[PDB]
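What follows is a single structure, written as structure tokens, with notes after it.
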6 protein chains.
Amino acid sequence: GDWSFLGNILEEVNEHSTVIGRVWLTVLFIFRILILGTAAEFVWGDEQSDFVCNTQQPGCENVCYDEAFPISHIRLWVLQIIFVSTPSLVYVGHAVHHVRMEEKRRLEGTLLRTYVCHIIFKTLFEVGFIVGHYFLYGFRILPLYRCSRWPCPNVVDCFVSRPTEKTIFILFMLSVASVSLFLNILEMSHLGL
Amino acid sequence: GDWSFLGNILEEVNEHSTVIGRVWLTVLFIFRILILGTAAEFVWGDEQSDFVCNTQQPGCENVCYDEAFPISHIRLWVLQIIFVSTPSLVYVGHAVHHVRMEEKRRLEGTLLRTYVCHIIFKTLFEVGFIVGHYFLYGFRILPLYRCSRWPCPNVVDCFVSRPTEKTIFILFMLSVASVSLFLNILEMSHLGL
Amino acid sequence: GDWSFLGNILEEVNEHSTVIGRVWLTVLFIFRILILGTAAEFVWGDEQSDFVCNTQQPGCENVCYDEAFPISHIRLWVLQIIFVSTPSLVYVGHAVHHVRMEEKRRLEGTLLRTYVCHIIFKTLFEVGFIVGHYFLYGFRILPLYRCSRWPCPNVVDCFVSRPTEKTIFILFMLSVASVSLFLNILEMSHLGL
Amino acid sequence: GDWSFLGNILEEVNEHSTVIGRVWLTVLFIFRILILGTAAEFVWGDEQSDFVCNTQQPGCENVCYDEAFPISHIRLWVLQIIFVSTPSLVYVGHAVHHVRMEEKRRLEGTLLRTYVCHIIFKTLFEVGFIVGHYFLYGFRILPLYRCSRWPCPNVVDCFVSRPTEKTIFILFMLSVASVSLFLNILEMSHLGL
Amino acid sequence: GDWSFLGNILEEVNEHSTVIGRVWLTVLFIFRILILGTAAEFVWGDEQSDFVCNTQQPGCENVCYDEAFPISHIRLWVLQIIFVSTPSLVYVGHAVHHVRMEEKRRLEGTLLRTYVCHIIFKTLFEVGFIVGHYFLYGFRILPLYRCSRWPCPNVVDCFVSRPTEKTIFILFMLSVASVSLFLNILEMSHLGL
Amino acid sequence: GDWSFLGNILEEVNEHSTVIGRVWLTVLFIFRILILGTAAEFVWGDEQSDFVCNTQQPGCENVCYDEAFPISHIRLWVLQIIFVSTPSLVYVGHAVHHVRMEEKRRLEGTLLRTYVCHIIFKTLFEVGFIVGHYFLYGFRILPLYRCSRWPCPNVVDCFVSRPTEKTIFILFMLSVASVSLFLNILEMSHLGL
């Protein structure tokens, strides 16, 4: 997809942020969005097309693929990016609002609170998405999925496409998110000092 | 699709709008257009291709898919975006017209009325599209669709692609639209004060 | 497709036009080109691929699809856009020519005539395309097409893809074109006064 | 394909050209490149995929499609555009060369000759491509192609995809090219006066 | 593919080059890259998909297609473009280096040598790629390919997609490369004088 | 994929780097990213679709393709590019930080250390990816892959798509990486002097 607008706003943010914050935005762009667009999206391109179940029951493949993957990982990661970005948008909006107010007439006591809260919310969203991914899928995609969802007769064997590659990228994204967390915590500590 | 032109005009609007209004435009861009383009459009990509009916009647799949999905959700959402955007275009056009008039020779009594009416119309279109979606599809896509449309013999079983993921995104868009409504109402209240 | 160049010229026109004219160009961009690119083109994407005829005669599907859809609606609409845009290009060219002439050495008596004629021609092309669409396809796409074109033996039953959605968008475009006509007529009246 | 670079150069040309010449470049952009990119290329998208021959001889479809369409119309039109554009590039290069020469130290006697010759060559290339198209394909694509090319046993019947639509666009392009010719001739006459 | 970056650098080169050199870069852009992107890449799009062998041996089509086309022509041409472009990059880098050196503190004796060597290397790479193409594929793609590569039993008949069109474009590219050579030689002669 | 953002940052780096460093960035752009996007990605486009195994066991093709290619080469190369680029981002960030610090109030003793370490890390990542590729795949892709992974009965024969072309590009990328190493070493030596 096209991320140009979000990139515009976030680049604008870069100016109004801590050094750790600029590192965080660089990470967001390079190791999440770029990889999604150029590496991961191709990996999941044939997720359902090459999902194959050992049966001749009509509709069994559509229901078994939907059971194994209620939301695809790539879409989960899209949502994750958007939600961890939103607070930064809030903060830069507050900043530009104060700027226009001063013109009509940096991290002051008024902004500081908003900035800290935005770091806090980035952290909360990151942790939430990581936990949700863990419970939904674990962190490994196994090649065999056994499904007993109607209309499938008894339990059928279905086989996932590219399970090892998908696992590699799952773990890669997990690590990127953990790095984001570390950065957020160090930024809170730096402000504290 | 390419939304660049609409984005140009709406970015122009951002200047001539209330703080709540700028939040609303940010929402429009990030949580509706971006998601459509990068997440939802892939979800619905194989909507008809992976729609499968248990029959060997020719033409039964084309007529049963058309019965279940008279308009696809993604196209409904496109139309929604365009129609909720139009009033903002009207208002910014009025603004630039007054600007050129003054040059030849902010929210004044002349504009205020137009602005309030444009908020009102955004609200009406949002509510209308939400209601229309509810009656057309409810808010859950079930995996099994039973169809009795000619040429299908008797009632046939057809199976939808990615029903759970489509449901997730349906609800997501519903929530985004509700947030838009709340923003519009708070903007009317703010003007009232 | 890529409409960037036409958009450049037409944006240039926006300056040299009446307020109604700027509304007309806004409509052209938002409700015709954007929709084509992001909504309609996907609807017609599988027009022939999912066109299915009840026969085992080779070549019957290629000849029956060509009979039902001699020109696809999307291409008809492309041509329509281009032809209703051309006169505006003529007028802005005349304007820039007079500008360069004056530099070497707004709606004057010389331009006024050209402007009125360009409105007239926009109107004629719009009416012509609407009428042509009516005679070629009516304004509803029915699900069943019966074809007796060689090599098909006797009359065969063919089934169209996405007939209801295609009908929705057909009517939508009809309405957009009618709005364009109303705008053109009001612009002629405004000039008359 | 991406025509951006050629568009850059030709837009640069627009300044250094006659009024008829600017009309010609506008035509080139709007009625040839835009249509190719947004209308015609989709029409020919499934040219070979939906080419079907009544046989069960392996390789018969690959050899019969190659016999009927040695070069596809869309690629012929691409080449046409490039070759009718080249002379304009030559002329603008000569112009910028004289400009730099004068700086180191409009249609003069030196340029006039080059300009006239470039018009002449545009005309020659246009006529050549039109004639070549006529002999290669006539100007109508018939639905049935009968092929006797090895490995096909005896004469086989093959059926073309979208013959009527392809015919419509063939004639459209023919008309565009004829308009280009008329423009070139009027430009020569205008210079003559 | 996206050639934007290379285009940036080469456009930068245009300033620092002979008139013949600017012609050469214009050729590179218009008659090699543009054609690849808009004409040739579609021709080779279904190269393997529509490659068909008369056999029911599994794996025979994958091994026979790989034998006939060890590297596809389009990728060969990509590499060719990149390698004939590299020396121009070297030269413009040398130029900007001397510029920065002079600022800290045209074709001089220092640059002249580098320029001549870069022309020489362009020529060598062009000749090498032309010769390599000749030995790898001749200059005509025949419709029938006979393959005896394991697992195929005995010799099997395989049929190429679009052989005549591919031949047309092969010869076209050969001619473009020969024109490049002529330009390089004339540039060396011009410098010599 | 879209590499625009990374390209922005790296172009920014070009200014703050040694001449050898600018050569290295030019290589990165032209011989790694451009080739990936325009040549290699098409080569691997049908990697799994045209992967064929001699069996009628369901799921055997999905598990045998995943065994032969746990990560596809193209994605490996993407990751490689990103990781060899990261240190340059670190260094330019340090540079801009010192710039802003000086404004509030080239290769100095403070920067020199960071620069040398960033060269060192580029080298380490390059060597690591080269070694990892060697152990994962060797440097030749053979046409036949024999797989005994459940559910396949006994050992089955699977046939790779485009093995010779993939081998050519594998070796090409190996050579590009080796050139990068040589450049890094010469840059360390140059600094040492």
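Our numbering is plain: 1 for the first residue shown, then up by one each step along the chain.
Recorded method is electron microscopy, 2.5 Å.
Cβ atoms are placed via backbone N, Cα and C, with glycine included.
Judged by membrane topology as recorded in Swiss-Prot, C:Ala68 shares a side of the membrane with C:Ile141. Here C:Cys147 is paired by Swiss-Prot through a disulfide bond, and of C:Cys64, C:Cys117 its partner is C:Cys64. A disulfide bond in Swiss-Prot ties C:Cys152 to one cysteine from C:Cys53, C:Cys60, and that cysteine is C:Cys60. In the structure as shown, the Cβ atom of C:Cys64 (disulfide bond) sits within 10 Å of 25 other Cβ atoms. In this structure, the C-alpha atom of C:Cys53 (disulfide bond) lies 9 angstrom from that of C:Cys147 (disulfide bond). Taking Cβ-Cβ distances under 8 Å and a sequence separation of 6 or more, the neighbours of C:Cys152 (disulfide bond) in its chain are C:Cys53, C:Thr55, C:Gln57, C:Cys60, C:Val63, C:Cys64.
Annotated pair C:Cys158 (disulfide bond) and C:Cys147 (disulfide bond), C-alpha to C-alpha distance, rounded: 7 Å.
The Cβ of C:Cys147 (disulfide bond) has C:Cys53, C:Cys60, C:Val63, C:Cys64, C:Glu67, C:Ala68, C:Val155, C:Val156, C:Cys158 as same-chain neighbours under 8 Å, each 6 or more residues away in sequence. Taking all protein chains in view, 22 other C-beta atoms sit within 10 angstroms of the C-beta of C:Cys53 (disulfide bond). Residues of the same chain lying 6 or more positions beyond the ends of the topological domain 'Cytoplasmic' (C:12-20) and with a Cβ under 8 Å from any Cβ of it are 88-89, 91-92, 95, 106, 183, 186-187, 190-191.
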